[PDB]
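Below is one structure, written out as structure tokens; the observations come after it.
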Amino acid sequence: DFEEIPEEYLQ
Amino acid sequence: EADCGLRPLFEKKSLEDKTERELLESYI
Amino acid sequence: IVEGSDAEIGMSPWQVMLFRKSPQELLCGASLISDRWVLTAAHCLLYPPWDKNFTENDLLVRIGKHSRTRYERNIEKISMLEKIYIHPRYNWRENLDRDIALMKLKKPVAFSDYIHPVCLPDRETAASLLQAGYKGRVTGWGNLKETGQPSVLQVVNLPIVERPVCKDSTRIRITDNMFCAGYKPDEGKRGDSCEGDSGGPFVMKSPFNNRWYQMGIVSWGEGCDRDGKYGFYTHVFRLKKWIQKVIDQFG
Ligand SMILES: NC(=[NH2+])c1ccc(CNC(=O)[C@@H]2CCCN2C(=O)[C@H](N)Cc2ccccc2)cc1
Ligand code: NA
Ligand code: NA
């Protein structure tokens with residue numbers, strides 16, 4: 001239910 | 001920190017939030 | 001938060017969301033205490049009865065938020081964790097005694113109108129303000145009811161309760177590292193923290209210097225907002241020597 005966060009924070 | 005606990009949009013501007021007075025009134 | 005209201009913008013600029021990377025979901029609240037250190041409840045990170053044992057790479061911290069679910073572009077900041085420190089005497093086996101943990105961020109966060117640290121109490125501020133009847137404020141994105149979830153950060157003001165009333169409300173063993181807060185059944189008003197608010201701050205505004213101090217951490221309770229039950233909070237001042245030792249040794 002959360003908006004996806006920028007991919008840079010998951011790298 | 002030296003500036004801890006002073007909110008930019010409230011204390012730093014001398015503005016009060018809508019319910020902080022309830023806290024103050026309890027400190028008796 | 002049960003029976004609270006929507007926070008104002010910038011009302012709680014120390015509020016932190018602990019966020020699971022995969023699957024992407026809220027884990028807990030937390031608070032910002034400097035540009036590199038976040039304070040939370042140990043049970044947010046380690047609770048073996050529920051198979052919970054999060055490591056640094058599992059998690060992110062989101063700071064400056066208002067909306068629960070939206071990515072708040074140009075406002076929130078998302079930080080990675082360098083290291084988690086759990087109190088060495090955190091009692092997950094029995095009663096959550098010493099329910100406190102610190103997280104060091106990989107890089108310092110820039111303060112802004114929406115991002116600013118809370119103070120930790122000194123002995124005198126704690127003695128003056130941690131008195132029955134004196135009210136603090138709890139914030140979080142947790143459940144709106146025991147048995148759903150808010151669009152934006154919620155806030156509720158709650159009175160500290162006399163220790164014998166806290167003790168007489170539960171069968172769980174209470175310790176000096178905890179306090180309880182909430183209204184009594186006869187007092188009419190109500191409100192409580194709840195699941196999902198774990199780890200967030202219980203704050204008080206000092207009338208001496210007009211600064212906000214974090215006196216407690218949302219820790220435990222039986223249900224949410226039940227008559228005759230109270231929320232239990234980790235007593236931050238009682239554990240401050242450990243906080244200072246960690247930050248001095250590892251900061
Ligand atoms: N104020 C509240 N009503 C409230 C209630 C719950 C929470 C979140 N905390 C929890 O859910 C914690 C984690 C382990 C079990 N637990 C609880 O709060 C348990 N319901 C009671 C309990 C069990 C074992 C030890 C201590 C307390 C946070 C706030
Ligand atoms: Na009891
Ligand atoms: Na209650």
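Chain letters run A, B, ... following the sequence lines, proteins first and then strands; every chain starts at 1. For ligands, and for the atoms within them, numbers begin at 1 and follow the listed sequence.
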Task: Presence of N, O or S from C:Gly228 under 3.0 Å of the Na ion (ligand 3) - done: no

Task: B:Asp17 and B:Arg7 ion-paired at < 4.0 Å - done: yes

Task: Full working for salt bridge (charged side-chain N to carboxylate O under 4.0 Å, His left out) between C:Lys184 and C:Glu162 - done: CA-CA 11 Å; C:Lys184 297 179 181 65; C:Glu162 296 83 352; 3.0 Å; yes

Task: SB check C:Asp192 C:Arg226 (cutoff 4.0 Å) - done: no

TODO: For atom 16 (N) of ligand 1, find the nearest protein heavy atom and state the residue, atom name and distance (0.1 Å precision).
DONE: C:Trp220 CB, 4.3 Å

Task: ligand 1 contacted by C:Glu94 (non-hydrogen, < 4.0 Å) - done: yes

- [ ] Indicate, with yes or no, if the rings of C:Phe202 and C:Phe179 have centres closer together than 6.0 Å.
- [x] yes

Task: C:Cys194 and ligand 1 - part of the residue with a heavy-atom distance under 4.0 Å - done: backbone

- [ ] Under 4.0 Å, heavy atoms only, figure out whether ligand 1 is touched by the backbone of C:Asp197, its side chain, both or neither.
- [x] neither

Task: Atom indices of ligand 1 within 4.0 angstrom of C:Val218 heavy atoms, with elements - done: 28 (C), 29 (C)

Open item on the list: Below 3.5 Å, N or O to N or O, backbone or side chain included: is there any such pair between C:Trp50 and ligand 1?
Closed with: no

Open item on the list: Between ligand 1 and C:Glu222, is the shortest N or O to N or O distance under 3.5 Å?
Closed with: no

Open item on the list: I'd like to know if the Na ion (ligand 2) has an N/O/S atom from C:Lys167 within less than 3.0 Å of it, counting both backbone and side-chain atoms.
Closed with: yes

Open item on the list: Taking distance alone, with N or O pairs closer than 3.5 Å, would you say C:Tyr47 contacts ligand 1?
Closed with: no

Open item on the list: Within the structure, is a non-hydrogen atom of C:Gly196 found at a distance of less than 4.0 Å from ligand 1?
Closed with: no

Open item on the list: Which label fits C:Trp50 and C:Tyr47: parallel for a plane angle under 30°, tilted from 30 to 60°, or perpendicular past 60°?
Closed with: perpendicular

TODO: Could you tell me whether the Na ion (ligand 2) has an N, O or S atom of C:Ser169 under 3.0 Å away?
DONE: no

Open item on the list: Tell me whether C:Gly142 reaches ligand 1 (any heavy atom closer than 4.0 angstrom to a ligand atom).
Closed with: no

Open item on the list: Tell me the protein heavy atom at minimum distance from atom 10 (C) of ligand 1, and give that distance in Å.
Closed with: C:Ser219 O, 3.9 Å

Open item on the list: So, regarding C:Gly223 and ligand 1 (criterion: nitrogen or oxygen to nitrogen or oxygen, under 3.5 Å), is there a contact or not?
Closed with: yes

Task: C:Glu94 and C:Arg173 ion-paired at < 4.0 Å - done: yes

TODO: With heavy atoms under 4.0 Å as the rule, classify the contact between C:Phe232 and ligand 1 as side chain, backbone, both or neither.
DONE: neither

Task: Pairing of C:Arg70 and C:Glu76 as salt bridge, 4.0 angstrom limit - done: no

Open item on the list: Suppose I only count heavy atoms of C:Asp192 and a 4.0 Å limit; which atoms of ligand 1 are within that range?
Closed with: 1 (N), 2 (C), 3 (N)

Task: Taking atom 2 (C) of ligand 1 as the reference point, the nearest protein heavy atom with its distance - done: C:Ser193 O, 3.1 Å

Open item on the list: Is there a polar contact, in the sense of an N or O pair closer than 3.5 Å, between C:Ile172 and ligand 1?
Closed with: no

- [ ] Measure from the ring center of C:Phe19 to the ring center of A:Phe2 and say whether it is less than 6.0 Å.
- [x] yes

- [ ] Kindly indicate whether the side chain of C:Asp35, heavy atoms from C-beta on, has any atom under 4.5 Å from the side chain of C:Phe111.
- [x] yes

TODO: Return the residue, atom name and 0.1 Å-rounded distance of the protein heavy atom closest to atom 19 (C) of ligand 1.
DONE: C:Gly221 O, 3.6 Å

Task: Minimum heavy-atom distance C:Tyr134-B:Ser26, with the two atoms named - done: CD1-O, 3.3 Å

Task: Any N, O or S atom of C:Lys229 closer than 3.0 Å to the Na ion (ligand 3) - done: yes

Open item on the list: With a 6.0 Å cut-off on the ring centroids, do C:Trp37 and C:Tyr85 count as close?
Closed with: yes

Task: Contact partition for C:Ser198 relative to ligand 1, non-hydrogen atoms under 4.0 Å - done: side chain

TODO: Salt-bridge test for C:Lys135 and B:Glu25: reply yes if a basic N is under 4.0 Å from a carboxylate O, no otherwise.
DONE: no

Open item on the list: Using a 4.0 Å cutoff against the non-hydrogen atoms of C:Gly231, which atoms of ligand 1 qualify?
Closed with: 1 (N)

Task: Pair C:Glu195, C:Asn143: side-chain N/O donor-acceptor within cut-off below 3.5 Å - done: no

- [ ] Indicate yes or no: at least one non-hydrogen side-chain atom of C:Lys205 is less than 4.5 angstrom from one of B:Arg21.
- [x] no

